[PDB]
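The structure under discussion appears below in the form of structure tokens.
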Amino acid sequence: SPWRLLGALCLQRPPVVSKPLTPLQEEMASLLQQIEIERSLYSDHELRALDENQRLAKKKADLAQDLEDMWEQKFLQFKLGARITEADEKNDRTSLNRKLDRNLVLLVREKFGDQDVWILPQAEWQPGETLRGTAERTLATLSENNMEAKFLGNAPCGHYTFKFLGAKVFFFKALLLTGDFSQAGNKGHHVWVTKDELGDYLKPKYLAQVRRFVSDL
Amino acid sequence: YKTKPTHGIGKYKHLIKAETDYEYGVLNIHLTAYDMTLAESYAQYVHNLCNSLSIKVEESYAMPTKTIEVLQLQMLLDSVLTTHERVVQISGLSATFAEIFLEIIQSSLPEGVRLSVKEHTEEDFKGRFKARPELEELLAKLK
Amino acid sequence: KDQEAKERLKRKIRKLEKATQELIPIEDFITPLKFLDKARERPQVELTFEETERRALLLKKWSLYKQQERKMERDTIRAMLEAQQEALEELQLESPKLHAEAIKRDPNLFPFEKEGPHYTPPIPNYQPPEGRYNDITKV
Amino acid sequence: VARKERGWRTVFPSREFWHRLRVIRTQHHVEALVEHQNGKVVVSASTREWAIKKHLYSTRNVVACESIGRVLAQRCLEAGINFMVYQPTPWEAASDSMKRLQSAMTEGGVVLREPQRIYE
Amino acid sequence: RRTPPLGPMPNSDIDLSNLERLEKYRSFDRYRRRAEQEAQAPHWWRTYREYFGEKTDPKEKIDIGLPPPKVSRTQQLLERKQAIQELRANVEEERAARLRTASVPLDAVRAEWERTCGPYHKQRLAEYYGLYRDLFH
Amino acid sequence: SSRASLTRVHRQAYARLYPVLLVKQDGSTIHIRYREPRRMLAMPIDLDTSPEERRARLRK
RNA sequence: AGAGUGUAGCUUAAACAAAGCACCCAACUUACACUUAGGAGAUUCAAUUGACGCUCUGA
């Protein structure tokens, strides 16, 4: 009965920019702004604008516009951050600049004697250690840079077995606070990827169970 | 009547309330944001999904807001902003369930928010009442 | 003098402790005194039939959208929960102690802090102008 | 001249009637039942029914409730019922839907007041 | 003295060690529905029903009469679903509903009623007025 | 995701709250509903531990 | 590749039909909750018998 037990860590980076809004949600936001300006109350800006217009009207028979002009000028002068970088999406797939709107996860180049597989990192467990121990051990073995994945739960996230003799990997999940891409020249091609592109990448059906497990969102 | 089998048919007080691991004390959730409406809406979403999950919720309340003035001294310019803080108290969340709970919260988290999750402490509970100075003066006099 | 002072002190402190602590008023649930002026009032533009119909259609479409969103949320959370519980019961069947070890809590997982997304990513080299901040609050 | 069960003054549904109207507003449809004091039903109207719902847009709106009311008034005049009673809750009565229902039944020719028993 | 309960006492199925996890009557209406349901449910103890109720025999009432036609339920439901499909496909009904200005043909409703499920209502009225008990015993 | 952002102002007697940008020290941009129709606020920095570095940034 | 299964999320509900519950938006409510007013839903195909979908069992 030759058995083997492995622990693995699945870090999920949350996106830093909001989702691109659906047109439905866009026109409803416009409508909500409309209803809000309709049922809103007066402000100091409206007070000063209206009463200064009234003062000017009176003085004709006897500012807010400049401020908003200056503010619009400052806005036009200012430069905003870039959302999408198609160049990085093409030639810099192992980076963050390509996608900031959706969550990300990595994939490592793994090789086995029985079958070469493009799968998620894992490591071998030994008795005097916890599964989370093996998880952060894999993390420290693969990272080789200034990044830590903050854990969120001790419970198991995936169970996946395969025979040749028998191997059983248990997946935990974790959160990524920081992350870089130093030591760019690596044997294991670590690449942050989304769920659909991960599905395009890797075949297996234990991995398909991982697909149905992981949240799309 | 007592002797008869119908005794105890009406009693209800035992139905109504009378007045280690996998057992999590009352936890508090702070939500700080510049937009009172965003904070309130997010807290309402959290409360509704908690009620749907049948997870217990003690109470939800607002901490004292605070306004901060920021001034740029290249020449003197001024501006002001506000910060609102909501708080929720929960209990009884299972160990493994808390994982997906917090994960879904993080995922549905909208921009312009800062959320903390901690154990409820008397410090938090006493940071709501007015900082009465009288007790401090009497304590100093005692010292 | 000593005894009298000490007794007065202790008794006053006890009374203050047994006093019903008030709660700091929330400025959000208090309409500014300068909001009731009748000079602000705006003319209300009567709504058109077509515009109100559009509003109602948009509202009901968004209700459908949100119920679909919560449907898929239910689906995701149920799948995640059942998968986690399958893994857990397998680990329990295999190692009858590591499942309890996993069920054990851990204090470092309770205190979390996280920020929300941003309208744009941070600029690599951007410094703001020189200024300072100051908080203003009342009792 | 009949005797109506006076009593149950502590309990909300008063049995002091001869013909009661019970309305049921479900999450899908709307039912209305004219019944006798004994709990036996006399006549019914229901949005679950095809002859009525073929016309309609929603089985739960004010239009549906007032249509049910008009049809049930017609059926009361069919069965000879012209006096009857309705026990609403406070909010149930405050709801404009069955308010218009009551109004429609009154224009149909039914009063929601039972005559006081005669006996000298 | 005490005697064992004859039948299963009410409120016994619920559990008491777990009480806060339980779902409560959020509404007077929910409570009332459950109440009347348990009311028309039978009971072993003495109740209002067996004093002021008529005590009809447990055997059903005999009728060797006209059976209904054999209507294909599948095609019937299909045609009904197509009718309501075209209805929801109509354009003015939502405005009529949200403005509360619609009506319905009383004559058509009555005809379709007496065609589809009138006879059941008429049987109910007859057995209420007692025509059946007085005529056919 | 972010879905509960766009909402109705759940409050009676609410003044004009117009959308504006907010720039963090890190350059991150956020939406903020604010009183007057401005276009951006910016958060400055005040304090550092290095005296000579404070002096240098004051020079530059 | 073989076994089991199968009404919208739940219900051994099924004539007069697809019912009830659950659920969603808005309003009041700090919020929840209640209530009001509004919203979508299904028995995969051919005759209980077979064939389209689902889980399990093997490589």
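A note on labels: chains of the structure tokens are A, B, ... as shown, every chain counts residues from 1, and ligands are counted from 1 in their shown order.
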
Write out as a ChimeraX atom specification each polymer residue whose atoms come within 9 Å of segment 70-85 of chain D, counting only C-alpha atoms (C1' of nucleotides); drop sequence neighbours fewer than 5 positions from it.
-> /D:17-21,32-34,42-45,65,101-102,104-115 /E:106,109-110,125

Which residues of chain A are close to chain C, meaning at most 10 Å apart when you count only C-alpha atoms, and how do they look as a PyMOL selection string?
-> chain A and resi 14-19+24-25+27-28+31-32+38-43+46-47+50+79-83+97+100-101+130-132+150-160+170-172+177+209-210+212-217

Just the residues within 12 Å of segment 18-27 of chain G, please, counting only C-alpha atoms (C1' of nucleotides), with nothing from its chain fewer than 4 positions along; format it as a ChimeraX atom specification.
-> /B:52 /C:55-71,74 /D:24-30,47-50 /E:30,33,73-74,76-78,80-81 /F:7-8,10 /G:7-11,13-14,35-43

One decimal, Å: what's the distance from atom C1' of residue 15 of chain G over to atom CA of residue 68 of chain E, could you say?
->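 The value is 9.8 Å.
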
Give the helix (DSSP H, G or I) residues of segment 3-110 of chain D, as assigned by DSSP on the backbone, as a PyMOL selection string.
-> chain D and resi 50-53+62-78+90-94+96-108

For the residues in the current selection, export N, CA and C atoms as a short mmCIF file (atom, residue, chain, number, x, y, z; two decimals), in the first residue's frame.
data_model
loop_
_atom_site.label_atom_id
_atom_site.label_comp_id
_atom_site.auth_asym_id
_atom_site.auth_seq_id
_atom_site.Cartn_x
_atom_site.Cartn_y
_atom_site.Cartn_z
N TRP D 50 -58.58 29.41 -14.93
CA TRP D 50 -58.23 29.77 -16.30
C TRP D 50 -59.22 30.77 -16.90
N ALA D 51 -60.51 30.51 -16.73
CA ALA D 51 -61.52 31.40 -17.30
C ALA D 51 -61.29 32.84 -16.89
N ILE D 52 -60.70 33.07 -15.72
CA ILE D 52 -60.44 34.43 -15.26
C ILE D 52 -59.04 34.88 -15.65
N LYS D 53 -58.02 34.02 -15.52
CA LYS D 53 -56.66 34.49 -15.72
C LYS D 53 -56.29 34.64 -17.19
N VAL D 62 -53.34 44.92 -7.99
CA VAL D 62 -54.59 45.54 -7.59
C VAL D 62 -55.67 45.28 -8.63
N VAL D 63 -55.31 45.31 -9.91
CA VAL D 63 -56.27 44.99 -10.96
C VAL D 63 -56.82 43.59 -10.76
N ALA D 64 -55.94 42.63 -10.47
CA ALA D 64 -56.40 41.26 -10.26
C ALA D 64 -57.33 41.19 -9.06
N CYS D 65 -56.98 41.87 -7.97
CA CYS D 65 -57.81 41.79 -6.77
C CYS D 65 -59.18 42.42 -6.99
N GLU D 66 -59.23 43.56 -7.68
CA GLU D 66 -60.51 44.20 -7.92
C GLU D 66 -61.35 43.42 -8.92
N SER D 67 -60.72 42.77 -9.90
CA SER D 67 -61.46 41.89 -10.79
C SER D 67 -62.05 40.71 -10.03
N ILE D 68 -61.25 40.11 -9.15
CA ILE D 68 -61.77 39.04 -8.30
C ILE D 68 -62.95 39.55 -7.48
N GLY D 69 -62.86 40.78 -6.99
CA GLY D 69 -63.95 41.32 -6.19
C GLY D 69 -65.22 41.50 -6.99
N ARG D 70 -65.10 42.06 -8.20
CA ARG D 70 -66.27 42.22 -9.05
C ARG D 70 -66.89 40.87 -9.39
N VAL D 71 -66.06 39.89 -9.75
CA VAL D 71 -66.59 38.58 -10.11
C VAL D 71 -67.26 37.94 -8.91
N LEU D 72 -66.69 38.11 -7.72
CA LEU D 72 -67.26 37.50 -6.53
C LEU D 72 -68.55 38.18 -6.13
N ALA D 73 -68.67 39.49 -6.38
CA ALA D 73 -69.95 40.16 -6.16
C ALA D 73 -71.00 39.63 -7.12
N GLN D 74 -70.63 39.45 -8.39
CA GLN D 74 -71.56 38.86 -9.34
C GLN D 74 -71.99 37.47 -8.89
N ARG D 75 -71.06 36.68 -8.37
CA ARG D 75 -71.40 35.33 -7.93
C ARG D 75 -72.24 35.35 -6.66
N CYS D 76 -72.04 36.34 -5.80
CA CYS D 76 -72.89 36.48 -4.62
C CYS D 76 -74.32 36.80 -5.03
N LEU D 77 -74.48 37.73 -5.97
CA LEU D 77 -75.82 37.99 -6.49
C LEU D 77 -76.38 36.77 -7.20
N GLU D 78 -75.49 35.93 -7.75
CA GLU D 78 -75.91 34.67 -8.34
C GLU D 78 -76.51 33.75 -7.28
N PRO D 90 -55.65 45.39 10.53
CA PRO D 90 -55.46 46.82 10.30
C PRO D 90 -54.75 47.11 8.99
N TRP D 91 -53.56 46.54 8.80
CA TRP D 91 -52.83 46.77 7.56
C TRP D 91 -53.54 46.13 6.38
N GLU D 92 -54.15 44.96 6.60
CA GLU D 92 -54.89 44.31 5.52
C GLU D 92 -55.99 45.22 4.99
N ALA D 93 -56.66 45.95 5.88
CA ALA D 93 -57.69 46.89 5.44
C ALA D 93 -57.08 48.15 4.86
N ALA D 94 -55.95 48.59 5.41
CA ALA D 94 -55.30 49.79 4.91
C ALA D 94 -54.76 49.60 3.50
N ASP D 96 -54.57 49.36 -0.24
CA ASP D 96 -55.48 49.90 -1.24
C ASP D 96 -56.04 48.83 -2.17
N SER D 97 -55.36 47.70 -2.31
CA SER D 97 -55.83 46.67 -3.23
C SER D 97 -57.21 46.17 -2.84
N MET D 98 -57.33 45.58 -1.66
CA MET D 98 -58.64 45.11 -1.25
C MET D 98 -59.55 46.24 -0.80
N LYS D 99 -59.02 47.45 -0.60
CA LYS D 99 -59.88 48.61 -0.47
C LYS D 99 -60.68 48.82 -1.75
N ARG D 100 -59.99 48.85 -2.89
CA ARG D 100 -60.68 48.93 -4.17
C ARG D 100 -61.54 47.70 -4.40
N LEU D 101 -61.12 46.55 -3.88
CA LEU D 101 -61.96 45.35 -3.96
C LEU D 101 -63.30 45.59 -3.28
N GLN D 102 -63.27 46.07 -2.04
CA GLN D 102 -64.50 46.36 -1.31
C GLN D 102 -65.35 47.38 -2.05
N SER D 103 -64.72 48.45 -2.53
CA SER D 103 -65.48 49.46 -3.25
C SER D 103 -66.15 48.87 -4.48
N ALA D 104 -65.42 48.05 -5.23
CA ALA D 104 -65.98 47.43 -6.43
C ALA D 104 -67.14 46.52 -6.08
N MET D 105 -67.02 45.76 -4.99
CA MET D 105 -68.13 44.90 -4.59
C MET D 105 -69.35 45.72 -4.21
N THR D 106 -69.13 46.85 -3.54
CA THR D 106 -70.25 47.71 -3.19
C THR D 106 -70.94 48.26 -4.43
N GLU D 107 -70.17 48.74 -5.41
CA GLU D 107 -70.82 49.16 -6.66
C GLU D 107 -71.50 47.99 -7.35
N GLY D 108 -70.96 46.78 -7.17
CA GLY D 108 -71.61 45.60 -7.73
C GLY D 108 -72.94 45.31 -7.08
#

With a distance threshold of 6 Å and counting only C-alpha atoms, extract the residues of chain F near chain C and express them as a ChimeraX atom specification.
-> /F:26-30,44,46

What does the distance between atom CA of residue 98 of chain B and atom CA of residue 128 of chain A come to in Å, to one decimal place?
-> 27.1 Å

Using only C-alpha atoms, which of F:13, F:36, F:23, F:41 sits nearest chain B?
->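 Of F:13, F:36, F:23, F:41, the one nearest chain B is F:41, counting only C-alpha atoms.
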
Excluding segment 71-87 of chain B and any residue of its chain fewer than 3 positions from it, enumerate the residues within 9 Å of it, using only C-alpha atoms (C1' of nucleotides), and give them as a PyMOL selection string.
-> (chain B and resi 28-36+39-40+43+59-68) or (chain C and resi 28+129-134) or (chain F and resi 34+41+44)

Enumerate as JSON, numbers by chain the residues belonging to chain F that approach chain A to within 10 Å, with only C-alpha atoms taken into account.
-> {"F": [1, 2, 3, 5, 6, 7, 8, 9, 11, 12, 13, 14, 15, 16, 17, 18, 19, 21, 27, 28, 29, 30, 35, 36, 37, 38, 39, 40]}

Just N, CA, C and O atoms for this one: save the residues we selected as a compact mmCIF listing (two decimals), in the first residue's frame.
# COMPACT_ATOMS: atom_id res chain seq x y z
N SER F 1 -16.63 41.34 -6.46
CA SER F 1 -16.98 42.46 -7.33
C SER F 1 -17.42 43.67 -6.52
O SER F 1 -17.33 43.68 -5.30
N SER F 2 -17.90 44.69 -7.22
CA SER F 2 -18.41 45.92 -6.61
C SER F 2 -19.79 46.17 -7.22
O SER F 2 -19.89 46.61 -8.37
N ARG F 3 -20.84 45.90 -6.44
CA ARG F 3 -22.20 45.97 -6.96
C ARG F 3 -23.07 46.87 -6.10
O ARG F 3 -24.00 47.51 -6.60
N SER F 5 -22.33 49.62 -4.76
CA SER F 5 -21.80 50.98 -4.71
C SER F 5 -22.88 51.99 -5.08
O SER F 5 -23.26 52.84 -4.26
N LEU F 6 -23.38 51.91 -6.31
CA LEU F 6 -24.45 52.80 -6.74
C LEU F 6 -25.71 52.51 -5.94
O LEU F 6 -26.24 51.39 -5.98
N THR F 7 -26.18 53.50 -5.18
CA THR F 7 -27.31 53.31 -4.30
C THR F 7 -28.06 54.62 -4.15
O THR F 7 -27.58 55.69 -4.54
N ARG F 8 -29.26 54.53 -3.58
CA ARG F 8 -30.02 55.71 -3.22
C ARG F 8 -29.54 56.24 -1.87
O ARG F 8 -29.15 55.48 -0.99
N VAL F 9 -29.58 57.56 -1.72
CA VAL F 9 -29.18 58.18 -0.46
C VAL F 9 -30.26 57.86 0.56
O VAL F 9 -31.32 58.51 0.58
N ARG F 11 -31.55 58.59 3.21
CA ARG F 11 -31.63 59.66 4.20
C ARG F 11 -32.48 60.81 3.68
O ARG F 11 -32.33 61.23 2.53
N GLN F 12 -33.37 61.32 4.52
CA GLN F 12 -34.21 62.45 4.16
C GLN F 12 -33.47 63.75 4.43
O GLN F 12 -32.65 63.84 5.35
N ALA F 13 -33.77 64.76 3.62
CA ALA F 13 -33.16 66.08 3.75
C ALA F 13 -31.64 66.00 3.58
O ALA F 13 -30.86 66.35 4.48
N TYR F 14 -31.22 65.52 2.41
CA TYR F 14 -29.81 65.37 2.07
C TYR F 14 -29.43 66.43 1.04
O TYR F 14 -30.13 66.59 0.04
N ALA F 15 -28.33 67.13 1.29
CA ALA F 15 -27.91 68.24 0.45
C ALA F 15 -27.28 67.72 -0.84
O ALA F 15 -27.27 66.51 -1.11
N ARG F 16 -26.75 68.63 -1.65
CA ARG F 16 -26.11 68.25 -2.90
C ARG F 16 -24.80 67.52 -2.60
O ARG F 16 -23.93 68.06 -1.91
N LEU F 17 -24.67 66.31 -3.13
CA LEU F 17 -23.44 65.52 -3.00
C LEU F 17 -23.01 65.14 -4.42
O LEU F 17 -23.54 64.20 -5.01
N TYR F 18 -22.04 65.88 -4.94
CA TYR F 18 -21.60 65.72 -6.31
C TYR F 18 -20.38 64.81 -6.39
O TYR F 18 -19.56 64.77 -5.46
N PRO F 19 -20.22 64.07 -7.49
CA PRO F 19 -19.08 63.16 -7.59
C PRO F 19 -17.78 63.90 -7.83
O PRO F 19 -17.73 64.89 -8.57
N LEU F 21 -13.16 63.16 -7.59
CA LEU F 21 -12.07 62.21 -7.44
C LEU F 21 -11.30 62.48 -6.15
O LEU F 21 -11.29 63.60 -5.64
N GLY F 27 -1.15 57.72 -5.06
CA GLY F 27 -1.67 58.01 -6.38
C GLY F 27 -2.94 57.27 -6.74
O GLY F 27 -3.43 57.44 -7.87
N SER F 28 -3.49 56.46 -5.84
CA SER F 28 -4.72 55.75 -6.12
C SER F 28 -5.90 56.71 -6.17
O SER F 28 -5.95 57.69 -5.42
N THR F 29 -6.85 56.43 -7.05
CA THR F 29 -7.99 57.30 -7.31
C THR F 29 -9.28 56.63 -6.86
O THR F 29 -9.49 55.43 -7.10
N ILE F 30 -10.14 57.40 -6.19
CA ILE F 30 -11.39 56.88 -5.67
C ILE F 30 -12.51 57.88 -5.93
O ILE F 30 -12.29 59.09 -5.96
N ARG F 35 -19.77 67.88 -1.55
CA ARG F 35 -20.72 68.99 -1.56
C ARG F 35 -20.71 69.75 -2.88
O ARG F 35 -21.70 69.73 -3.62
N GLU F 36 -19.59 70.41 -3.20
CA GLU F 36 -19.53 71.24 -4.39
C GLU F 36 -18.93 70.47 -5.56
O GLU F 36 -18.13 69.54 -5.36
N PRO F 37 -19.27 70.84 -6.79
CA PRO F 37 -18.81 70.07 -7.95
C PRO F 37 -17.34 70.28 -8.25
O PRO F 37 -16.99 70.94 -9.24
N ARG F 38 -16.47 69.73 -7.42
CA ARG F 38 -15.05 69.73 -7.69
C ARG F 38 -14.69 68.51 -8.54
O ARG F 38 -15.55 67.70 -8.90
N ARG F 39 -13.41 68.38 -8.88
CA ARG F 39 -12.95 67.29 -9.72
C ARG F 39 -11.90 66.40 -9.08
O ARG F 39 -11.77 65.25 -9.49
N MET F 40 -11.16 66.89 -8.08
CA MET F 40 -10.22 66.02 -7.39
C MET F 40 -9.74 66.70 -6.12
O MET F 40 -9.48 67.90 -6.10

Of the residues B:92, B:5, B:133, B:110, which is the one nearest to chain E, using only C-alpha atoms?
->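 Between B:92, B:5, B:133, B:110, the residue approaching chain E most closely is B:5.
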
Chain D contacts on chain E, only C-alpha atoms, 8 Å, as JSON, numbers by chain | {"E": [52, 53, 83, 84, 87, 88, 93, 94, 97, 100, 101, 102, 103, 104, 106, 108, 109, 110, 112, 113, 116, 121, 124, 125, 128]}

Please, which residues of chain B lie no more than 7 Å from chain A when the count uses only C-alpha atoms, and can they be set out as number ranges by chain?
-> B: 96, 99, 111

Nearby residues (only C-alpha atoms (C1' of nucleotides)) at most 12 Å from residue 3 of chain E, same-chain spacing under 4 positions excluded, as an MDAnalysis selection string | (chainID B and resid 1:8) or (chainID E and resid 7)

Could you write out that same residue set with N, CA, C and O atoms as a PDB file, in the first residue's frame?
ATOM      1  N   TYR B   1     -56.448  19.942  32.785  1.00  0.00           N
ATOM      2  CA  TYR B   1     -56.373  19.653  34.211  1.00  0.00           C
ATOM      3  C   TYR B   1     -55.242  18.674  34.478  1.00  0.00           C
ATOM      4  O   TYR B   1     -54.891  17.871  33.617  1.00  0.00           O
ATOM      5  N   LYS B   2     -54.677  18.741  35.682  1.00  0.00           N
ATOM      6  CA  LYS B   2     -53.417  18.055  35.946  1.00  0.00           C
ATOM      7  C   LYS B   2     -53.553  16.548  35.778  1.00  0.00           C
ATOM      8  O   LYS B   2     -52.776  15.921  35.049  1.00  0.00           O
ATOM      9  N   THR B   3     -54.535  15.945  36.448  1.00  0.00           N
ATOM     10  CA  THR B   3     -54.664  14.492  36.398  1.00  0.00           C
ATOM     11  C   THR B   3     -54.895  13.999  34.980  1.00  0.00           C
ATOM     12  O   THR B   3     -54.502  12.878  34.640  1.00  0.00           O
ATOM     13  N   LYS B   4     -55.515  14.800  34.155  1.00  0.00           N
ATOM     14  CA  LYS B   4     -55.908  14.365  32.828  1.00  0.00           C
ATOM     15  C   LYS B   4     -54.764  14.529  31.840  1.00  0.00           C
ATOM     16  O   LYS B   4     -53.861  15.347  32.040  1.00  0.00           O
ATOM     17  N   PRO B   5     -54.778  13.761  30.749  1.00  0.00           N
ATOM     18  CA  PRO B   5     -53.647  13.789  29.810  1.00  0.00           C
ATOM     19  C   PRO B   5     -53.436  15.130  29.142  1.00  0.00           C
ATOM     20  O   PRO B   5     -52.373  15.344  28.547  1.00  0.00           O
ATOM     21  N   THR B   6     -54.399  16.038  29.224  1.00  0.00           N
ATOM     22  CA  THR B   6     -54.311  17.314  28.535  1.00  0.00           C
ATOM     23  C   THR B   6     -53.526  18.358  29.314  1.00  0.00           C
ATOM     24  O   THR B   6     -53.452  19.510  28.874  1.00  0.00           O
ATOM     25  N   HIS B   7     -52.943  17.993  30.450  1.00  0.00           N
ATOM     26  CA  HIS B   7     -52.182  18.951  31.231  1.00  0.00           C
ATOM     27  C   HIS B   7     -50.946  19.404  30.465  1.00  0.00           C
ATOM     28  O   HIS B   7     -50.340  18.641  29.709  1.00  0.00           O
ATOM     29  N   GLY B   8     -50.578  20.665  30.665  1.00  0.00           N
ATOM     30  CA  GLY B   8     -49.412  21.211  30.006  1.00  0.00           C
ATOM     31  C   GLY B   8     -49.595  21.511  28.540  1.00  0.00           C
ATOM     32  O   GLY B   8     -48.603  21.694  27.830  1.00  0.00           O
TER      33      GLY B   8
ATOM     34  N   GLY E   7     -52.620  10.950  23.012  1.00  0.00           N
ATOM     35  CA  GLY E   7     -51.948  11.113  21.748  1.00  0.00           C
ATOM     36  C   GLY E   7     -50.693  11.951  21.876  1.00  0.00           C
ATOM     37  O   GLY E   7     -50.315  12.388  22.967  1.00  0.00           O
TER      38      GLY E   7
END

Atom pair atom CA of residue 53 of chain A + atom CA of residue 66 of chain A, distance 13.3 Å

Shell around residue 9 of chain B at 10 Å using only C-alpha atoms (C1' of nucleotides), local window under 5 positions removed, as JSON, numbers by chain | {"B": [1], "E": [9, 10, 11]}

So, counting only C-alpha atoms (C1' of nucleotides), which residue among G:6, G:1, G:28, G:33 is closest to chain B?
->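 The closest residue to chain B is G:33.
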
Of the candidates B:88, B:25, B:54, B:48, which one gets nearest to chain E if we count only C-alpha atoms?
->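 Residue with the minimum atom-to-atom distance to chain E: B:54.
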
Counting only C-alpha atoms, what are the residues of chain E within 10 Å of chain B, and for each of them which pair of atoms is the nearest and at what distance in Å, to one decimal? Sort the table by chain and rising number, as CSV.
residue,atom,partner,partner_atom,distance
E:1,CA,B:3,CA,5.0
E:2,CA,B:3,CA,4.2
E:3,CA,B:5,CA,5.4
E:4,CA,B:5,CA,5.6
E:5,CA,B:5,CA,4.3
E:6,CA,B:5,CA,6.2
E:7,CA,B:5,CA,8.7
E:9,CA,B:9,CA,7.1
E:10,CA,B:9,CA,7.1
E:11,CA,B:15,CA,8.7
E:14,CA,B:15,CA,9.2
E:15,CA,B:15,CA,9.2
E:16,CA,B:15,CA,7.2
E:19,CA,B:15,CA,8.0
E:20,CA,B:56,CA,8.4
E:21,CA,B:54,CA,7.4
E:22,CA,B:54,CA,9.0
E:23,CA,B:54,CA,8.6
E:45,CA,B:6,CA,7.6
E:46,CA,B:6,CA,9.9

Could the residues in this selection be saved with N, CA, C and O atoms as a CSV table (one decimal), in the first residue's frame?
chain,number,residue,atom,x,y,z
E,1,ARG,N,-52.0,13.9,41.1
E,1,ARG,CA,-51.8,12.8,40.2
E,1,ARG,C,-51.7,13.2,38.7
E,1,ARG,O,-52.1,14.3,38.4
E,2,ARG,N,-51.0,12.4,37.9
E,2,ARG,CA,-50.9,12.6,36.5
E,2,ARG,C,-51.2,11.4,35.7
E,2,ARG,O,-51.0,10.3,36.2
E,3,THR,N,-51.6,11.5,34.5
E,3,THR,CA,-51.8,10.4,33.6
E,3,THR,C,-51.1,10.7,32.3
E,3,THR,O,-50.9,11.8,31.9
E,4,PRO,N,-50.6,9.6,31.6
E,4,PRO,CA,-49.9,9.8,30.4
E,4,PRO,C,-50.7,10.4,29.4
E,4,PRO,O,-51.9,10.3,29.4
E,5,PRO,N,-50.1,11.1,28.4
E,5,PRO,CA,-50.9,11.7,27.3
E,5,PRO,C,-51.4,10.6,26.3
E,5,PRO,O,-50.7,9.7,26.0
E,6,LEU,N,-52.6,10.8,26.0
E,6,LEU,CA,-53.2,9.8,25.1
E,6,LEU,C,-52.6,9.8,23.7
E,6,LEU,O,-52.0,8.8,23.3
E,7,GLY,N,-52.6,10.9,23.0
E,7,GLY,CA,-51.9,11.1,21.7
E,7,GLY,C,-50.7,12.0,21.9
E,7,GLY,O,-50.3,12.4,23.0
E,9,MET,N,-48.7,15.0,22.2
E,9,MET,CA,-49.0,16.4,22.6
E,9,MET,C,-48.4,17.3,21.5
E,9,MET,O,-47.4,17.0,20.9
E,10,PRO,N,-49.1,18.5,21.4
E,10,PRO,CA,-48.5,19.5,20.4
E,10,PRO,C,-47.2,20.1,20.9
E,10,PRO,O,-46.8,19.9,22.0
E,11,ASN,N,-46.5,20.6,19.9
E,11,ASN,CA,-45.2,21.3,20.2
E,11,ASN,C,-44.2,20.4,20.7
E,11,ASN,O,-43.2,20.8,21.3
E,14,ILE,N,-40.7,19.8,18.0
E,14,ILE,CA,-39.6,20.7,18.1
E,14,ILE,C,-38.6,20.3,19.1
E,14,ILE,O,-38.9,19.5,20.0
E,15,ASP,N,-37.4,20.9,19.1
E,15,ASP,CA,-36.3,20.6,20.0
E,15,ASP,C,-36.1,21.9,20.9
E,15,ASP,O,-36.3,23.0,20.4
E,16,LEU,N,-35.7,21.7,22.1
E,16,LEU,CA,-35.5,22.8,23.1
E,16,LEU,C,-34.0,23.1,23.3
E,16,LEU,O,-33.7,24.2,23.7
E,19,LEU,N,-32.6,26.4,20.3
E,19,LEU,CA,-33.7,27.3,20.2
E,19,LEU,C,-33.4,28.6,19.4
E,19,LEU,O,-34.3,29.0,18.7
E,20,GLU,N,-32.2,29.1,19.5
E,20,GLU,CA,-31.9,30.3,18.7
E,20,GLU,C,-31.7,30.1,17.3
E,20,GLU,O,-32.0,30.9,16.4
E,21,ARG,N,-31.1,28.9,16.9
E,21,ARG,CA,-30.9,28.5,15.5
E,21,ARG,C,-32.3,28.4,14.8
E,21,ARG,O,-32.3,28.4,13.6
E,22,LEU,N,-33.3,28.1,15.6
E,22,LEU,CA,-34.6,27.9,15.0
E,22,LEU,C,-35.2,29.1,14.3
E,22,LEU,O,-34.8,30.2,14.6
E,23,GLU,N,-36.1,28.9,13.3
E,23,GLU,CA,-36.8,30.0,12.7
E,23,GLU,C,-38.1,30.3,13.4
E,23,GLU,O,-38.8,29.4,13.8
E,45,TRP,N,-58.2,14.9,21.7
E,45,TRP,CA,-58.9,15.6,22.7
E,45,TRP,C,-60.2,16.1,22.2
E,45,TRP,O,-60.5,16.2,21.0
E,46,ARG,N,-61.0,16.5,23.2
E,46,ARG,CA,-62.4,17.1,22.9
E,46,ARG,C,-62.2,18.5,22.3
E,46,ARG,O,-61.5,19.3,22.8

Taking the chain letters and numbering used in this document, name the residues of segment 4-54 of chain F that DSSP puts in strand (DSSP E), as a ChimeraX atom specification.
-> /F:18-23,29-34,40-42
